[PDB]
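Before any comments, here is the structure.
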Amino acid sequence: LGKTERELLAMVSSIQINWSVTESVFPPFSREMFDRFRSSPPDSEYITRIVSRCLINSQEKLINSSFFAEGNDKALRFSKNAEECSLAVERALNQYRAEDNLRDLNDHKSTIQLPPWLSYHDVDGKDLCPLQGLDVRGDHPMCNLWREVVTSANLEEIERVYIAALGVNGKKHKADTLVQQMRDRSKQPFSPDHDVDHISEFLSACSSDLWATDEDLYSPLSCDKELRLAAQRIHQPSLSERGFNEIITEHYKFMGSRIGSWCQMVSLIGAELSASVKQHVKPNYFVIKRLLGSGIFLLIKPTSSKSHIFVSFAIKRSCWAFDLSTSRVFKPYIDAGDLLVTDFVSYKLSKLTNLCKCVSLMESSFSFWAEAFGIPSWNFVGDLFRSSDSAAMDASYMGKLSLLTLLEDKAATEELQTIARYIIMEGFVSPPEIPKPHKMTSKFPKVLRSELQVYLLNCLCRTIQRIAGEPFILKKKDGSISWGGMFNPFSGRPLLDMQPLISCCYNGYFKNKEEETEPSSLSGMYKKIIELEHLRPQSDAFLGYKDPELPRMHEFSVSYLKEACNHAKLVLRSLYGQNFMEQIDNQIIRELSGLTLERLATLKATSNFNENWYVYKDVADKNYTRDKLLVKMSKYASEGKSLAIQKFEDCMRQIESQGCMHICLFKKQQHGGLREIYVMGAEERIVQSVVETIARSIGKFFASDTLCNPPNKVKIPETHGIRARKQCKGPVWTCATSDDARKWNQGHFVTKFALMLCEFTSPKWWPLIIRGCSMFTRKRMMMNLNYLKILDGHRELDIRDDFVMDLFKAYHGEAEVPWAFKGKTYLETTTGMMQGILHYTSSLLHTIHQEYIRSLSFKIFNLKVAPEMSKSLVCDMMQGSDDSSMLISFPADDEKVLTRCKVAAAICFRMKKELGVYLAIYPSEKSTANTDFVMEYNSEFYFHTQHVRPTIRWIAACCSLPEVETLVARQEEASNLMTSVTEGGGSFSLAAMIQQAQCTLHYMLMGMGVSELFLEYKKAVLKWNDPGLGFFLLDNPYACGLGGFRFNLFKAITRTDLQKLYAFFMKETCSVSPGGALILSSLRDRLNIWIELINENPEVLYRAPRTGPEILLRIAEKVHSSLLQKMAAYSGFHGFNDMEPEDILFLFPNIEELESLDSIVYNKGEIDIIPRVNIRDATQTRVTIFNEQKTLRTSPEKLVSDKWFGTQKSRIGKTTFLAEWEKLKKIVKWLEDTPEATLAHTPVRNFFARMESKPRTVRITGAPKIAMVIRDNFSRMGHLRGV
């Protein structure tokens, strides 16, 4: 044992338990609890009683649910089920109808609040000259308003960013208060029986005009043809001579389409509004603007609300060509003669982000949906024009639905869309169970806000009725498992491919990754913390003292927990032998040894919440600020502490002085997952880090735990079939179920975690554990200060939500609740887990529960059917945080045995859910039971052999503009998103289309279509084609998303003039990019506690730190990890430079893999693809940098550190080590046997420390060697030829 080990052990022994303070501050913890728990063995009789009761309950529930009482035929049972489903649906609909002040059935509100106009080009520029000389007619208030506007323009009274500053007749629509009242009059809920016929008409209809690309429509975003041509020339110089390839050709064709023109128009509207809102220059005036080179005019007003912007659109009659569609879906307009005008429209500041990215998102969505149904991605628009099959209609329908939901961008619509997943997954339930889709009826939104929601609800109701009437039919022959009767949840048309169906289910995920707040309507978050707290038992007798007979919320059985612990210990003894305890001890010691201050010292966030912020009145003006972990961790390390454990004890003492958690909350405004964030203090962070480290250490030993063994997640299902065939020794039958927990986060008490953790650890860790858990028994959560500011001055009748009423009454002292206090600024809670702050421990608890239920399932099969079947059946677990899955496989030779097996498997599936209660594992309605050859886990679906994923989840994510910083940073993160989507199961051609979308978005970001000056910029950037100036690099279409930004840069430098610039740096100014690019683009004071110091001791960069100052150096290096003017400045770079392979080697250490890919993907010309036949098995494959001959015996870093410092971690022969060193030396010319000579000779230490890259490993899912992957994964409709 090293010095670190012995000193850590000595310190840990120095930590001691203080029972008095813990008992006093934290009620439910006591010496007697743990003493009795460790001493008393579990009550076998009680366990047997509860197991028998669960068996009886499961049998009764199965009999009653499936209507086996009379032994009726399938027909009558299904009729009864349909009757029940209809009754439930009618109940929900009537409950909706019971509301008052319902919106009238005919009061149509357009889902899209924009005109359907489509027009030609006009005079360029942003000037308002075209307004002059227009004779507008009409009498509508907007007609008169725009008449005044044109009169002022003719009189040239418009100021300058043009400001109208109109006078009389400016009121009666703008009284500074009218409009904000008007759009406030849209609070009436929508009836379920509202007329929504026009939505259905628009969605599914003979809509072919949408895809006719002619007439020279307005298209401001088609001015970058030369740039795309140059980009294509990089990879396909021969083809580029002829012209654009297929992908760019169809991209520009889609630009030229009617929908393309409209999408570009709306995107320009979004960008213009986003620019306008930043001005805030009008005293009390209006601001008028004109779109670039078009007859579109926007009359804009921001109000005193500072959260809504009011717009009025106008178009010249002479320029207006026609309308995209005459349906009510779009905002109706008013004729005024020379002009067509619409009414004022209010927009929230959040939607503008969606508006700007409309065109790219829609190109992506349409391409993906066309690809999913079999239409080639690179040739779809024409196919959409000649709609001749159900596939084309379905694709168009889904694209239009994406349009509607994106333009509506309301969360409730997204949840309604996502519910379809669980609605339709019910159709795979095999006998003896029957599908119960109607059980999701309780998940509908409380209120209806839009016509689109009504239409979606009606579609969902029809789908539920249809599914409950008749499940999907199975078809088995010669190992060719298949299903029949599937249909789209929304359109209702038949389907035959799993992938489009799953994509339909997951359509509600359009992650845009907005890392900001969301003040409006966040009470639900707070509500989500309270709903269970009031249900806490008044007595703690069932929180770890005794065993409840009928468990309630938050209660659990001590004896069952101890029995599960004993069973898990027995399993571990069987697996790892008798000395498993000491192995665990060594593992945890090793894990804590490597738990340094540095690894926690990441940006993330921290809460400065102390007692100073308890009273709202004291702090009303000071703005709360979230500190970074960096400063606090650095301050702690400056004291001279190396390991994060070192500062545990003292830190907890501070917490013990506080006696409560000091958590703060954060709501992300992104429309998807991980909205909840529980930011938490430094001392809490260190303690929780220790606890989670030990939890993960203990849990790693269990194979079935996916969290601790991510490889096992993909390993287990694939090997399941092979193991089943080996064991059963013949044809097999598989049953399965996927389950999700109900109120997992706020349903758990904390004592059980401490108990079970102590059962698996030696006594010396006990004080570390019981203390570290007790701090969760009382937690105070801050709220948003603006929320309280609003609440204080809101008086009564705030909102109909009872939670807000209760909070208001408690804050003013009118009412008393245990989760709030008068005049305070926090919610106090005794239970909870704060959304994954205690993550590994929960997984361990789930793991042990599943091991016990596995044993019980073995017993049940042995009992109910035949004694000896345990020797010839397979059972498999999968668990994570809260999602779980159960797999069972048995021989399928005898029909009677097969039926008995199915009955027993259903019984065991119900057993798991029923018994989960005793450990406070509450099953959710989302769980699906007894589905044959169907399995779900983390949204990954396993339809027998096929393994499918919801690729759409990553589509919308690929289109975003976060992280700003440098342009090259933006491009490389775009490449990262491309890698993410392609590894998600998409085809390469679809990836190329997404890259085109990203290209157009990125180019319009610099102002393409916004400012005339962009035309000058194009003139310059073309000459130098440097990404540092914003030039976008299109990857080779055949292998886009695989080679990545490194491939793009390598190809660029290989032949283009760009290399001449890089050699200029080898012989405004900024440093190199992480990708290696010498870019140019266009806190530290607080960390007062270095390059020369690192140079003096490079070993710091090559080993884990053991002292303070080195930790400071490591965090320090972690911290430091105009356009016309700039092109004018570049005129001085006339230095004559040439090629140099050594510079390429320095920039790219992995040249061999890059050229290997190049040898296949370079200059492939046109595309010829042979269509495939039916479906094939999905096979995992290793693709890139798999070889080790060129990648050396071990990593270059290991060899360098062994040579310079003798770390002897290479574990190779001495002569082998010398040979490896010599071959590296001939690889690396400037590498020397000493750090000093190497530093002097090479053309600081950090820059040459990380140049050893060793890129990551990539795996792909082929559908039957890099050539194989590229030929079989370019497109899903076929495979390449000649490769």
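Chain identifiers are assigned as A, B, and so on, following the order in which chains appear in the structure tokens; residues are numbered from 1 within each chain, and ligands are numbered from 1 in order of appearance.
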
Exercise for review: Write out as a VMD selection string each polymer residue whose atoms come within 7 Å of residue 676 (chain A), counting only C-alpha atoms; drop sequence neighbours fewer than 3 positions from it.
Suggested key: chain A and resid 666 to 668

Point to revise | Contact residues around residue 248 (chain A) with only C-alpha atoms at 9 Å, ignoring same-chain residues under 2 positions, as a ChimeraX atom specification | key: /A:228-229,232,244-246,250-253,378,993,996

Review point. Which residues, written as a PyMOL selection string, have at least one atom at most 7 Å from residue 1177 (chain A), with only C-alpha atoms counted and residues fewer than 2 positions away on the same chain left out?
Key: chain A and resi 945-946+1179+1263-1264

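Atom pair CA of residue 496 (chain A) / CA of residue 713 (chain A): separated by 27.8 Å.
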
**Study point:** Nearby residues (only C-alpha atoms) at most 8 Å from residue 558 (chain A), same-chain spacing under 2 positions excluded, as a ChimeraX atom specification
**Key:** /A:37,42,544-547,556,560-562

Review point. Leaving out residue 1048 (chain A) and any residue of its chain fewer than 3 positions from it, which residues lie within 10 Å of it when counting only C-alpha atoms, given as an MDAnalysis selection string?
Key: chainID A and resid 231 234:235 975 1032:1036 1040 1043:1045 1051:1054 1154

Output file for the residues above (C-alpha atoms, as a short mmCIF file (atom, residue, chain, number, x, y, z; two decimals), in the first residue's frame):
data_model
loop_
_atom_site.label_atom_id
_atom_site.label_comp_id
_atom_site.auth_asym_id
_atom_site.auth_seq_id
_atom_site.Cartn_x
_atom_site.Cartn_y
_atom_site.Cartn_z
CA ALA A 231 -16.90 23.14 -50.77
CA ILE A 234 -12.78 19.66 -52.05
CA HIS A 235 -13.93 16.03 -52.14
CA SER A 975 -19.51 18.01 -36.64
CA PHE A 1032 -18.21 26.23 -44.09
CA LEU A 1033 -16.68 22.87 -45.00
CA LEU A 1034 -19.08 20.35 -46.50
CA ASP A 1035 -17.83 16.84 -45.89
CA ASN A 1036 -17.76 14.17 -48.58
CA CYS A 1040 -20.52 12.52 -43.88
CA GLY A 1043 -14.72 11.42 -40.94
CA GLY A 1044 -15.71 14.60 -39.15
CA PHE A 1045 -14.12 18.00 -38.82
CA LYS A 1051 -8.67 17.38 -46.99
CA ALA A 1052 -8.71 21.18 -47.05
CA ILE A 1053 -5.00 21.45 -46.24
CA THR A 1054 -4.12 18.58 -48.58
CA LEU A 1154 -7.62 9.54 -42.54
#

Practice item. Would you mind listing what lies within 8 Å of region 1003-1007 of chain A as an MDAnalysis selection string, with only C-alpha atoms counted and same-chain residues fewer than 5 positions away left out? Key: chainID A and resid 221 1014 1030 1032

Restricting the output to N, CA and C atoms, write the selected residues as a PDB file, in the first residue's frame.
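Output below, filename again.pdb:
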ATOM      1  N   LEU A 221     -32.461  33.373 -49.571  1.00  0.00           N
ATOM      2  CA  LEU A 221     -31.390  32.547 -49.020  1.00  0.00           C
ATOM      3  C   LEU A 221     -30.798  31.607 -50.059  1.00  0.00           C
ATOM      4  N   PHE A1014     -23.171  41.435 -47.031  1.00  0.00           N
ATOM      5  CA  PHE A1014     -22.784  40.035 -47.146  1.00  0.00           C
ATOM      6  C   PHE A1014     -22.268  39.708 -48.537  1.00  0.00           C
ATOM      7  N   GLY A1030     -15.249  31.908 -41.266  1.00  0.00           N
ATOM      8  CA  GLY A1030     -16.626  31.483 -41.396  1.00  0.00           C
ATOM      9  C   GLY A1030     -16.914  30.596 -42.585  1.00  0.00           C
ATOM     10  N   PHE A1032     -17.638  27.485 -44.553  1.00  0.00           N
ATOM     11  CA  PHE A1032     -18.212  26.232 -44.092  1.00  0.00           C
ATOM     12  C   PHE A1032     -17.697  25.095 -44.961  1.00  0.00           C
TER      13      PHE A1032
END

Exercise for review: Enumerate as a PyMOL selection string all residues of region 590-785 of chain A assigned to helix (DSSP H, G or I) by DSSP on the backbone, naming them with the chain letters and numbers the document uses.
Suggested key: chain A and resi 590-593+597-600+611-613+629-638+644-658+682-699+710-728+751-759+763-777+785

**Study point:** Neighbour list for residue 1169 (chain A) as number ranges by chain, cut-off 10 Å, only C-alpha atoms, skip fewer than 6 positions in-chain
**Key:** A: 1271, 1274-1275, 1277-1282

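Interatomic distance, CA of residue 313 (chain A) to CA of residue 452 (chain A): 23.7 Å.
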
Check your understanding: Between A:859, A:872, A:1160, A:213, which is the closest to residue 911 (chain A) once you count only C-alpha atoms?
Key ->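 Of the candidates, the smallest distance to residue 911 (chain A) is held by A:859.
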
Study note, to complete from the structure: For residue 430 (chain A), the closest of A:89, A:8, A:1111, A:473 counting only C-alpha atoms is A:473

**Study point:** Selected residue, from A:563, A:692, A:1222, A:197, that lies nearest to residue 851 (chain A) when counting only C-alpha atoms
**Key:**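 Result for the nearest residue to residue 851 (chain A): A:563.
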
Could you build a table of the residues in region 221-287 of chain A lying no more than 12 Å from region 294-299 of chain A, giving for each the nearest pair of atoms and their separation in Å rounded to one decimal place, using only C-alpha atoms, ordered by chain and ascending residue number, as JSON lines?
{"residue": "A:265", "atom": "CA", "partner": "A:296", "partner_atom": "CA", "distance": 9.1}
{"residue": "A:266", "atom": "CA", "partner": "A:296", "partner_atom": "CA", "distance": 10.9}
{"residue": "A:268", "atom": "CA", "partner": "A:296", "partner_atom": "CA", "distance": 10.5}
{"residue": "A:269", "atom": "CA", "partner": "A:298", "partner_atom": "CA", "distance": 8.5}
{"residue": "A:270", "atom": "CA", "partner": "A:298", "partner_atom": "CA", "distance": 11.3}
{"residue": "A:272", "atom": "CA", "partner": "A:298", "partner_atom": "CA", "distance": 9.2}
{"residue": "A:273", "atom": "CA", "partner": "A:298", "partner_atom": "CA", "distance": 9.2}
{"residue": "A:276", "atom": "CA", "partner": "A:298", "partner_atom": "CA", "distance": 10.7}
{"residue": "A:285", "atom": "CA", "partner": "A:299", "partner_atom": "CA", "distance": 10.9}
{"residue": "A:286", "atom": "CA", "partner": "A:299", "partner_atom": "CA", "distance": 7.1}
{"residue": "A:287", "atom": "CA", "partner": "A:299", "partner_atom": "CA", "distance": 6.0}

Review point. Can you tell me how far CA of residue 986 (chain A) sits from CA of residue 425 (chain A), in Å to one decimal?
Key: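 Separating CA of residue 986 (chain A) from CA of residue 425 (chain A) is a distance of 22.5 Å.
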
Review point. So, counting only C-alpha atoms, which residue among A:678, A:776, A:624, A:821 is closest to residue 604 (chain A)?
Key: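 The shortest atom-to-atom distance to residue 604 (chain A) comes from A:678.
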